[PDB]
Structures are given as structure tokens and as C-alpha cells.
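Worksheet: the structure to be examined is printed underneath.
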Amino acid sequence: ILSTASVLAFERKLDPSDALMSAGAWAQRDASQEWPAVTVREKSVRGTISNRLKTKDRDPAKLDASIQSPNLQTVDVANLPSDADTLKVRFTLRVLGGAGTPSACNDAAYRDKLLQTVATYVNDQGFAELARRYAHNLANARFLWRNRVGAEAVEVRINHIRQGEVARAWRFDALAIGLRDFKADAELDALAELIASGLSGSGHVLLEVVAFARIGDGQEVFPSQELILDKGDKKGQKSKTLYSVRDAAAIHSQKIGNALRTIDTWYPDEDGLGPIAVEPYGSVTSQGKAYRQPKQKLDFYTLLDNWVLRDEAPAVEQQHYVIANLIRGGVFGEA
Amino acid sequence: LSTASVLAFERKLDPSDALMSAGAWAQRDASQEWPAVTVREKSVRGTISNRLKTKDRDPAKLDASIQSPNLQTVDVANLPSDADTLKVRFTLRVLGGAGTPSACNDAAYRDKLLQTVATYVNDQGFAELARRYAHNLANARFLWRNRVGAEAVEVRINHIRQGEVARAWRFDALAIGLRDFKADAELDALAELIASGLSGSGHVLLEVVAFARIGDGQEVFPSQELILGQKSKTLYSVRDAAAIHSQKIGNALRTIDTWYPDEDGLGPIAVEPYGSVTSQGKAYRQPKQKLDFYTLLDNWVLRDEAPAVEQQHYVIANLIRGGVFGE
Amino acid sequence: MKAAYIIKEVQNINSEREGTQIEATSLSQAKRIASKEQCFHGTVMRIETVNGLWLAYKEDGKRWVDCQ
């Protein structure tokens with residue numbers, strides 16, 4: 001008995017908004033509400049097709065006649081203004097709670113055994129490790145993806161807004177706090193015990209997150225890119241589109257949040273490759289592989305089917321991976 | 001004597017579409033000029049997240065499928081970066097004449113059905129049903145996922161005389177629970193207005209406005225369309241405002257059923273024949289037991305075997321939502 | 001009959017680059033001789049008429065996407 005429920009769907013906890021980019025001077029960070037938006041512009045590039053060569057002809061005249069024709073193109077680019085050296089990135093985060101309750105299910109016995117399994121997690125140890133692990137990915141500005149690379153300073157400023165007004169504030173040197181180790185601070189444990197109170201359904205948690213990244217006058221900033229359809233389909237012009245909201249350059253709200261759940265430091269075949277994002281069959285597109293295979297027995301499906309059905313409770317570090325997938329949300333049914 | 005092969009009831013409690021707009025809280029008494037929430041697109045790169053069907057366990061295909069993923073376009077609705085409040089506004093029309101079918105095929109079955117519904121109304125009114133519908137207007141259950149994790153939800157209901165406001169009501173939708181039915185001296189008035197509308201005394205038109213502090217730039221959830229960088233999600237919009245379907249607002253009004261032949265440890269469900277919820281995937285009023293709508297209707301109309309007083313509210317509540325009944 | 005086409009090898013779909021004129025009977029013959037005469041890997045082939053109207057394109061190991 002006790003087959004898996006053929007429908008499982010969980011709503012996401014930790015939902016961030018799109019983050020909007022602005023620009024100003026680093027000594028004006030305390031009055032940065034009226035900083036103008038980074039705009040997306042256009043420019044023309046041309047370059048040589050210098051990709052790797054198909055092995056048919058080694059004759060010099062072929063490559064010499066190919067490089068005489070250049071490649072003309074129009075891209076979208078985002079830069080700081082030439083008098084501004086600081087990028088501002090601002091978003092709001094909301095941490096919901098009620099993590100183990102599915103949004104859709106079929107079996108009622110599977111749903112009650114799942115709720116009691118997640119309750120027996122939460123009562124033994126709370127959300128303390130996961131919230132300390134999320135507060136580090138807020139405290140360092142990992143959500144600044146390529147904007148973080150090569151900055152003189154990165155500042156992170158976090159406000160808890162219990163009304164319109166701000167209940168408590170935080171300021172972090174985001175480069176002192178590393179990108180690998182989860183070392184402890186008092187002011188970071190305060191933010192962790194706020195995120196764990198939000199995840200345990202205790203209070204309402206809305207966080208305003210502002211990150212200042214000094215990169216230099218006029219330098220290129222990096223928003224997220226859009227797909228090319230409906231921007232020239234039969235004869236088009238633009239071949240690179242950047243994400244805007246109201247012609248303010250922006251990062252998608254799922255590329256943030258991907259950076260928040262970069263939690264998983266428990267996956268077998270590694271020594272020092274760092275934390276990865278929490279995913280079922282824990283995988284990375286850049287390395288092009290799944291760090292958490294089903295030929296081994298460490299996936300979210302293979303852990304959860306033993307922790308609910310057969311009641312084989314895994315090692316307590318895998319009980320953070322499973323609860324992190326349930327805070328992530330998703331469609332975990334047979335299809 | 002027997003059930004007519006053609007029955008049709010019309011719906012009472014007509015809601016409209018609910019249009020979504022955004023502004024700032026404490027600008028709520030001047031929220032007539034708020035900008036609408038616009039549905040826009042964004043690109044999505046996804047990852048392999050679903051269960052594999054045990055012939056795709058191999059690394060040689062899982063690595064090739066995680067190497068080149070799929071790219072989608074979704075429709076998304078957000079608040080603006082300076083607006084924290086979602087305003088949702090629709091009108092409700094409460095008709096009355098609840099037991100009369102619109103299409104019928106018998107004269108004796110129709111006469112005995114009207115006799116039975118008149119017996120129901122003359123014993124106790126529409127007051128118990130209207131209390132449970134007024135409670136679903138007071139809490140903002142018609143805000144479906146727009147209500148969970150909201151800092152404050154406030155509901156305002158105006159009753160409209162000609163174009164003028166006769167009575168205005170004001171409710172805190174989070175203090176008024178979502179899984180009870182209590183009493184209050186200002187919700188009794190809304191319940192008896194809806195009762196005087198369903199019994200046929202007055203003309204009742206309501207204007208329902210709900211506010212919800214979701215947060216600056218956060219995602220709001222309009223109702224979703226069916227799909228006719230291929231697009232994965234399409235949101236409902238009337239002209240350019242994001243909107244909610246009228247039947248999903250209407251669904252959240254007749255979630256009043258607390259009389260099950262199953263366990264009452266799950267809250268109210270929506271009034272349906274064979275009382276069912278898709279999100280739990282089971283029907284709580286089975287025809288194995290004798291408490292679905294059709295068996296109770298046949299026993300109460302044809303052979304004069306009345307159900308219990310609480311199940312009569314269920315049968316009348318199925319007559320209020322309308323439907324194509326009859327064998 | 002032998003019709004004239006313009007075979008182009010560009011970086012991505014919305015790039016402009018001066019192409020090479022072929023002589024082909026059908027569009028399938030142009031797709032065959034545009035399968036070869038491609039020097040690089042991560043490039044997009046495009047088949048056009050002599051006046052600049054697109055006919056088909058192919059993006060780094062996919063189907064020929066015809067242009068209606």
C-alpha cells in the first residue's frame with residue numbers, strides 16, 4: 001500500500017520581486033530614493049566570425065575571403081552614466097510560511113503522513129539552519145550576479161517593514177561576508193531568526209533589500225536577457241534584448257531567488273565546488289551535469305519517498321535539502 | 001410525480017469580472033483613479049524538475065537534457081515598484097426567485113418543486129444561507145492567492161440604490177476568519193440585505209472593493225487562460241487591466257458547505273453536486289451514501305421524504321447556483 | 001531552370017552579413033549546398049533571394065525553419 005500521490009504541487013515560499021537598477025554616487029547612498037534608472041540603449045557591433053572551423057578546407061584563400069565580410073548586428077546595452085559609479089539594485093522579498101502544506105494532492109493519507117513528517121522535522125529542529133543559510137545569500141549580494149564581479153565595495157542594506165514604516169534595519173559589507181562559507185554574526189543571526197519566524201508561520205515578513213555595487217564611471221551593468229520572439233520574426237533588426245519594466249533595467253525575479261536558494265552544500269561527488277541551488281536532481285546548467293543523480297540515492301524524490309512512505313528518515317543534512325525543495329515549490333507529481 | 005427530463009435553474013448571485021488596480025495604502029479613500037495592473041511578458045529558462053519514468057534514469061540522457069534546457073514566455077502581473085496595495089473591485093447582483101426553474105418539462109413536478117421550495121422558505125427564510133454568503137464577502141475569499149501572506153486585507157461593500165450608496169460596510173478580512181461562521185452586528189445587516197434580495201423583496205446590487213497590502217512590486221495573481229519560446233502561461237485581461245474571471249469570484253462565494261457525510265476537519269467547500277474539490281481530488285458527497293444533491297432532491301420533492309434541516313440548506317444552495325438538472 | 005539564391009552564414013538570426021550567390025534548381029538543393037559551404041560551428045545559415053527576402057534558416061544543428 002501507500003503509493004505516491006499522483007498530483008503534488010507546492011506554492012513557493014520566499015517570493016522576490018523583479019529588482020530594478022539605478023545609478024548614482026557612492027557618497028550619496030543614504031539619499032538614493034531619487035536616483036535615476038539605468039536605461040537600456042542600443043548600439044551597433046561588428047566583428048569577425050572567429051568560431052571554430054569545420055575541417056573541410058585548410059586553404060588560406062577560403063578563410064581570407066570569409067573574414068573580408070564582417071558580421072553586422074544591433075544589441076541592447078546597459079551602462080552607468082559617466083558621472084555615476086555606483087549601481088543600486090532594489091527588490092522586496094516576502095517569506096510566507098506553511099511550507100509543507102501542498103497546494104494540490106490526491107491521497108489524503110499521503111497528505112497527512114507528509115504533513116506529520118514535515119511537522120516532525122520542524123519540531124525537532126526548526127528552520128534555523130535553512131534560515132541562516134538564506135540570510136547569507138541575502139547578506140552577500142549573490143543576487144548581484146555579474147554585477148558583483150570586480151567591485152571596490154558591495155553594500156547590502158535590508159529593512160523589515162512591519163507597516164509602511166521600517167521595523168528594523170541591517171547593513172552588511174557583502175564582500176567581507178564570503179561567497180563560500182556560512183560564518184556567523186550576531187546581526188546576521190537576527191536576520192536569520194526573522195526569516196525562520198516568517199517560515200514557521202509566526203509573523204508577517206516583508207523585507208526590502210537594497211544593494212549598492214561601486215563599479216566605476218560609465219561601466220557596463222548586466223540585467224537579464226529576453227527571448228528574441230516578437231522582436232523581429234521574419235525580417236528583424238535587434239539580436240539581443242534586455243529586460244526592462246518601465247525602461248528601467250531589471251533582473252528577472254527568478255534569477256533572484258535562484259541566488260537565494262543556492263544552499264545545497266550536501267551533495268556527494270565533490271570536495272570544494274561550493275554551494276549550488278536547491279533543485280530536484282540537483283543540477284547546474286553551466287557545468288551541464290546533475291550533481292545529485294538517481295543512479296545514486298540522494299535525490300529529492302528518492303529521499304522523500306523514503307522519508308514519507310517507508311519512514312526511513314535520512315541524515316539530518318538531507319532533511320534540509322528536502323525541506324528546501326518544499327520551500328522552493330514545484331510540480332512533484334507523476335507525469 | 002416523477003422527475004422531469006428537462007430542468008434548468010438560473011444562477012442567482014451574479015458577479016462580474018473583478019478588475020485589479022494598484023496604489024498606495026492610506027490613499028484608499030481616493031482610490032477611484034488608481035492605475036490598473038497590466039499583464040506583461042518575461043522570459044523563463046526552466047530546469048528538469050519533474051519525475052523521470054524509470055527509463056530516463058541514465059546519466060547520458062539526464063546530462064543532455066540539463067545541458068540544453070527549454071525557454072518559455074510567461075505572462076506575469078506585478079504591482080508597480082512604489083505601489084504596495086492591490087485593489088480588486090467587482091459588482092454583485094442578487095436576484096431572487098430561487099426555486100423557480102427556467103426550463104421545465106412537467107407541470108406536476110414543477111408545481112410540487114415550487115410547493116417544496118415555498119415550504120422551505122416559509123419554514124425558515126434565506127437567512128442561514130445569506131449569513132454564509134455575507135461571510136464570504138466579509139472575508140476576502142474571492143482574493144484567492146492574492147490573500148495568502150497579505151499584511152492587511154480590507155473589504156468595503158456599498159449597496160447601490162440608483163447610483164447612490166444606501167449603506168456602506170467596512171470589514172477587516174483577516175480578523176474575520178476563513179474557516180468559521182460567527183455573528184456580528186454589522187455583518188447581520190449585510191446578511192439580511194442578501195436575504196431580502198434572495199427572497200425577492202428588494203432589488204439588491206452590491207459593489208465590493210477589496211484592498212490587500214501585498215508589498216512593493218510583488219506578484220499579483222489574475223485568473224489564467226487556457227493555451228490555444230512558446231508561451232507557457234496566459235493571464236486574463238479585460239481591456240488592459242488584469243482581471244479575475246467571474247466564475248472564480250462566484251466560486252468563492254458559495255464555499256459555504258459545512259455539512260459533510262465525511263470528516264469536518266477540512267473547512268468549508270464549495271456547493272457542488274457530489275461535493276467536490278479538484279485541489280484535493282475527491283468528492284465528499286458520494287452517492288454511495290445518501291447525501292449528494294440528486295438523491296436528496298429526489299427524496300425531498302418526489303416521495304416527500306425530507307432531509308435534515310441542515311441538508312435542506314445544501315439543496316437550496318444548489319438551486320441558487322443553477323444548473324442543468326433533470327433526467 | 002537554375003535559380004539564384006544568396007547563402008549567408010551569420011552569428012545569430014538577426015545579423016546582417018554579405019553572402020555568396022549560388023545557382024540551384026530547388027530550395028532543397030539550396031539547403032543541401034548550404035548544409036555544406038559552412039565554415040564555422042556556432043553559426044546560422046540563411047537562404048535568401050537576390051533582392052533580400054528570407055526563405056529559410058538553420059541554427060546550429062536544428063531543422064531548417066522555413067520563412068512563410
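Letters for chains follow the order of the C-alpha cells (A, B, ...), residue numbers begin at 1 for each chain, and ligand numbers begin at 1 in the order shown.
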
Neighbour list for region 50-58 of chain C as a PyMOL selection string, cut-off 10 Å, only C-alpha atoms, skip fewer than 4 positions in-chain = (chain A and resi 234-235) or (chain C and resi 3-9+12-13+21+27+30-31+34-35+43-46+62-68)

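Neighbouring residues of residue 89 (chain B) at 6 Å or closer, counting only C-alpha atoms and skipping chain neighbours under 4 positions away, are residues 18, 19, 208 and 209 of chain B.
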
Residues of chain C near chain A: apply a cut-off of 6 Å, count only C-alpha atoms, and supply the list as JSON, numbers by chain.
-> {"C": [14, 15, 16, 17, 39, 40, 41]}

How about saving the chosen residues, N, CA and C atoms kept, as a PDB file, in the first residue's frame?
```
ATOM      1  N   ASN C  14      19.234  37.409 -36.324  1.00  0.00           N
ATOM      2  CA  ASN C  14      19.065  38.807 -36.715  1.00  0.00           C
ATOM      3  C   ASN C  14      20.397  39.502 -36.930  1.00  0.00           C
ATOM      4  N   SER C  15      21.280  38.898 -37.710  1.00  0.00           N
ATOM      5  CA  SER C  15      22.531  39.524 -38.093  1.00  0.00           C
ATOM      6  C   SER C  15      22.557  39.723 -39.597  1.00  0.00           C
ATOM      7  N   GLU C  16      23.242  40.776 -40.016  1.00  0.00           N
ATOM      8  CA  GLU C  16      23.390  41.128 -41.416  1.00  0.00           C
ATOM      9  C   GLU C  16      24.818  40.847 -41.834  1.00  0.00           C
ATOM     10  N   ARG C  17      24.987  40.127 -42.933  1.00  0.00           N
ATOM     11  CA  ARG C  17      26.317  39.845 -43.445  1.00  0.00           C
ATOM     12  C   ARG C  17      26.201  39.582 -44.936  1.00  0.00           C
ATOM     13  N   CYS C  39      31.624  27.204 -42.821  1.00  0.00           N
ATOM     14  CA  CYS C  39      32.980  27.061 -42.326  1.00  0.00           C
ATOM     15  C   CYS C  39      33.054  26.870 -40.825  1.00  0.00           C
ATOM     16  N   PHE C  40      32.081  27.366 -40.073  1.00  0.00           N
ATOM     17  CA  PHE C  40      32.208  27.502 -38.634  1.00  0.00           C
ATOM     18  C   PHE C  40      31.163  26.651 -37.923  1.00  0.00           C
ATOM     19  N   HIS C  41      31.260  26.596 -36.593  1.00  0.00           N
ATOM     20  CA  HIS C  41      30.367  25.747 -35.808  1.00  0.00           C
ATOM     21  C   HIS C  41      29.113  26.466 -35.318  1.00  0.00           C
TER      22      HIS C  41
END
```

Proximity check chain A to chain B, 9 Å, nearest pairs one decimal Å, only C-alpha atoms, as CSV:
```
residue,atom,partner,partner_atom,distance
A:7,CA,B:281,CA,8.7
A:15,CA,B:218,CA,8.0
A:16,CA,B:218,CA,7.0
A:17,CA,B:218,CA,5.1
A:18,CA,B:217,CA,7.1
A:19,CA,B:217,CA,8.8
A:20,CA,B:81,CA,8.4
A:91,CA,B:217,CA,7.7
A:92,CA,B:216,CA,6.6
A:93,CA,B:218,CA,8.1
A:94,CA,B:215,CA,8.1
A:95,CA,B:149,CA,8.2
A:96,CA,B:149,CA,5.8
A:97,CA,B:149,CA,8.4
A:103,CA,B:279,CA,6.9
A:104,CA,B:279,CA,4.7
A:105,CA,B:280,CA,5.4
A:106,CA,B:281,CA,4.9
A:107,CA,B:280,CA,7.8
A:108,CA,B:280,CA,7.9
A:162,CA,B:151,CA,8.4
A:163,CA,B:151,CA,8.1
A:164,CA,B:25,CA,8.5
A:204,CA,B:151,CA,6.6
A:205,CA,B:149,CA,8.6
A:206,CA,B:215,CA,7.3
A:208,CA,B:216,CA,8.8
A:225,CA,B:43,CA,7.9
A:226,CA,B:43,CA,5.4
A:227,CA,B:43,CA,5.9
A:228,CA,B:229,CA,8.2
A:229,CA,B:229,CA,7.0
A:243,CA,B:42,CA,7.8
A:252,CA,B:42,CA,7.8
A:254,CA,B:44,CA,8.1
A:279,CA,B:49,CA,7.1
A:280,CA,B:49,CA,5.6
A:281,CA,B:49,CA,7.1
A:283,CA,B:66,CA,7.4
A:284,CA,B:66,CA,7.5
A:285,CA,B:67,CA,5.7
A:286,CA,B:67,CA,7.7
A:287,CA,B:67,CA,8.1
A:288,CA,B:67,CA,4.6
A:289,CA,B:63,CA,5.1
A:290,CA,B:63,CA,6.6
A:293,CA,B:59,CA,7.4
A:294,CA,B:57,CA,6.1
A:295,CA,B:57,CA,6.8
A:301,CA,B:51,CA,7.6
A:330,CA,B:49,CA,7.9
A:331,CA,B:50,CA,6.6
A:332,CA,B:50,CA,6.0
A:333,CA,B:51,CA,6.9
A:334,CA,B:51,CA,6.1
A:335,CA,B:51,CA,6.9
```

Which residues, written as a PyMOL selection string, have at least one atom at most 7 Å from residue 206 (chain B), with only C-alpha atoms counted and residues fewer than 5 positions away on the same chain left out?
-> chain B and resi 91-93+157-160

From CA of residue 16 (chain B) to CA of residue 28 (chain B) the spacing works out at 21.7 Å

Counting only C-alpha atoms, what is within 9 Å of residue 2 (chain B), bar same-chain residues fewer than 5 positions away, as number ranges by chain?
-> B: 106, 108-109, 298, 302

Selection to disk with N, CA and C atoms, as a PDB file, in the first residue's frame:
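Now in out10.pdb:
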```pdb
ATOM      1  N   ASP B 106     -42.346  19.189 -17.021  1.00  0.00           N
ATOM      2  CA  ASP B 106     -43.528  18.680 -16.349  1.00  0.00           C
ATOM      3  C   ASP B 106     -44.281  19.859 -15.756  1.00  0.00           C
ATOM      4  N   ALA B 108     -46.669  18.879 -13.099  1.00  0.00           N
ATOM      5  CA  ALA B 108     -46.879  18.415 -11.733  1.00  0.00           C
ATOM      6  C   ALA B 108     -45.582  18.415 -10.939  1.00  0.00           C
ATOM      7  N   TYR B 109     -44.479  18.018 -11.578  1.00  0.00           N
ATOM      8  CA  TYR B 109     -43.174  18.099 -10.931  1.00  0.00           C
ATOM      9  C   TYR B 109     -42.782  19.540 -10.672  1.00  0.00           C
ATOM     10  N   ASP B 298     -34.410  14.246  -5.099  1.00  0.00           N
ATOM     11  CA  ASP B 298     -35.441  13.288  -5.467  1.00  0.00           C
ATOM     12  C   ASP B 298     -36.239  12.827  -4.259  1.00  0.00           C
ATOM     13  N   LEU B 302     -40.040  14.248  -4.754  1.00  0.00           N
ATOM     14  CA  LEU B 302     -40.944  13.242  -5.296  1.00  0.00           C
ATOM     15  C   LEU B 302     -41.721  12.533  -4.196  1.00  0.00           C
TER      16      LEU B 302
END
```

Just list the residues in region 17-65 of chain C DSSP gives helix (DSSP H, G or I) on the backbone, as a PyMOL selection string.
-> chain C and resi 27-35

Mind writing the picked residues with N, CA and C atoms as a PDB file, in the first residue's frame?
```pdb
ATOM      1  N   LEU C  27      14.742  24.745 -53.743  1.00  0.00           N
ATOM      2  CA  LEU C  27      15.135  25.231 -52.426  1.00  0.00           C
ATOM      3  C   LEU C  27      15.767  24.119 -51.604  1.00  0.00           C
ATOM      4  N   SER C  28      15.402  22.866 -51.877  1.00  0.00           N
ATOM      5  CA  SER C  28      16.036  21.745 -51.195  1.00  0.00           C
ATOM      6  C   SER C  28      17.475  21.557 -51.651  1.00  0.00           C
ATOM      7  N   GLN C  29      17.762  21.847 -52.921  1.00  0.00           N
ATOM      8  CA  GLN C  29      19.142  21.849 -53.392  1.00  0.00           C
ATOM      9  C   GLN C  29      19.950  22.951 -52.722  1.00  0.00           C
ATOM     10  N   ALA C  30      19.333  24.114 -52.509  1.00  0.00           N
ATOM     11  CA  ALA C  30      19.994  25.190 -51.786  1.00  0.00           C
ATOM     12  C   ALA C  30      20.223  24.830 -50.329  1.00  0.00           C
ATOM     13  N   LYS C  31      19.290  24.111 -49.705  1.00  0.00           N
ATOM     14  CA  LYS C  31      19.507  23.646 -48.341  1.00  0.00           C
ATOM     15  C   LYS C  31      20.584  22.578 -48.260  1.00  0.00           C
ATOM     16  N   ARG C  32      20.713  21.734 -49.283  1.00  0.00           N
ATOM     17  CA  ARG C  32      21.799  20.761 -49.299  1.00  0.00           C
ATOM     18  C   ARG C  32      23.157  21.424 -49.472  1.00  0.00           C
ATOM     19  N   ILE C  33      23.273  22.401 -50.368  1.00  0.00           N
ATOM     20  CA  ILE C  33      24.568  23.032 -50.595  1.00  0.00           C
ATOM     21  C   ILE C  33      24.793  24.215 -49.659  1.00  0.00           C
ATOM     22  N   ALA C  34      23.838  24.497 -48.777  1.00  0.00           N
ATOM     23  CA  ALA C  34      24.050  25.337 -47.610  1.00  0.00           C
ATOM     24  C   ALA C  34      24.288  24.524 -46.349  1.00  0.00           C
ATOM     25  N   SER C  35      23.979  23.227 -46.375  1.00  0.00           N
ATOM     26  CA  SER C  35      24.472  22.331 -45.336  1.00  0.00           C
ATOM     27  C   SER C  35      25.987  22.246 -45.378  1.00  0.00           C
TER      28      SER C  35
END
```

From a DSSP pass on the backbone, collect the residues of region 2-88 of chain A flagged as strand (DSSP E) and hand them back as JSON, numbers by chain.
-> {"A": [8, 9, 10, 15, 16, 19, 20, 21, 22, 23, 24, 40, 41, 42, 43, 44, 45, 46, 47, 71, 72, 73, 74, 75, 76, 77, 78, 79, 86, 87, 88]}

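Candidate residues B:139, B:5, B:295, B:119 were compared for distance to residue 210 (chain B), and the nearest is B:139, using only C-alpha atoms.
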
Enter the distance from CA of residue 88 (chain B) to CA of residue 143 (chain B), in Å, rounded to one decimal.
->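 Between CA of residue 88 (chain B) and CA of residue 143 (chain B) the gap is 8.1 Å.
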
Do a neighbour search on residue 190 (chain B) at 12 Å with only C-alpha atoms, toss out local chain neighbours closer than 2 positions, and write the hits as a PyMOL selection string.
-> chain B and resi 127+130-138+156-159+167-171+183-188+192-197+204-206+208

Residue subset to file, keeping C-alpha atoms, as a compact mmCIF listing (two decimals), in the first residue's frame:
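Saved file selection.txt follows:
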```
# COMPACT_ATOMS: atom_id res chain seq x y z
CA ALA B 127 -31.23 33.92 6.48
CA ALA B 130 -27.34 34.58 3.29
CA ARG B 131 -25.32 34.68 6.52
CA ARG B 132 -22.83 32.27 4.93
CA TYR B 133 -22.68 34.26 1.68
CA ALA B 134 -22.25 37.57 3.52
CA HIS B 135 -19.44 35.96 5.47
CA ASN B 136 -17.65 35.07 2.24
CA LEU B 137 -17.99 38.67 1.16
CA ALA B 138 -16.70 39.97 4.50
CA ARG B 156 -15.71 47.61 1.50
CA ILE B 157 -19.25 46.80 0.35
CA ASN B 158 -21.58 49.52 -0.95
CA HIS B 159 -25.28 48.94 -1.56
CA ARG B 167 -25.41 51.67 3.06
CA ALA B 168 -21.64 51.21 3.13
CA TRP B 169 -19.93 48.45 5.11
CA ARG B 170 -16.30 48.12 6.14
CA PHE B 171 -14.59 44.89 7.18
CA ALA B 183 -22.02 36.70 14.21
CA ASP B 184 -21.51 40.47 14.18
CA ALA B 185 -23.92 43.39 14.43
CA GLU B 186 -22.75 44.90 11.13
CA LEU B 187 -22.49 41.60 9.22
CA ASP B 188 -26.06 40.71 10.25
CA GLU B 192 -30.34 40.38 5.87
CA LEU B 193 -29.86 42.59 2.80
CA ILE B 194 -28.78 39.50 0.86
CA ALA B 195 -31.72 37.64 2.44
CA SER B 196 -34.17 40.32 1.26
CA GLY B 197 -32.56 40.06 -2.16
CA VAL B 204 -30.05 44.31 -4.41
CA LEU B 205 -26.89 45.39 -6.21
CA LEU B 206 -23.63 45.38 -4.29
CA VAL B 208 -17.42 45.03 -3.45
```

Give me the residues within 6 Å of region 241-258 of chain B as a ChimeraX atom specification, counting only C-alpha atoms and dropping any in the same chain fewer than 5 places off.
-> /B:15-20,36-39,132-133,136,141-142,222-223,236,268-271

Which neighbours of region 122-126 of chain A fall inside 10 Å, counting only C-alpha atoms, when residues of the same chain fewer than 6 positions from it are skipped, and could you give them as a list in words?
-> residues 100, 116, 196, 197, 199, 200, 316 and 323 of chain A

Between CA of residue 38 (chain A) and CA of residue 149 (chain A), distance in Å (one decimal) =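 It comes out at 18.4 Å.
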
Between C:42, C:10, C:37, C:2, which one has atoms that come closest to residue 24 (chain C), using only C-alpha atoms?
->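 Using only C-alpha atoms, residue 24 (chain C) sits closest to C:2.
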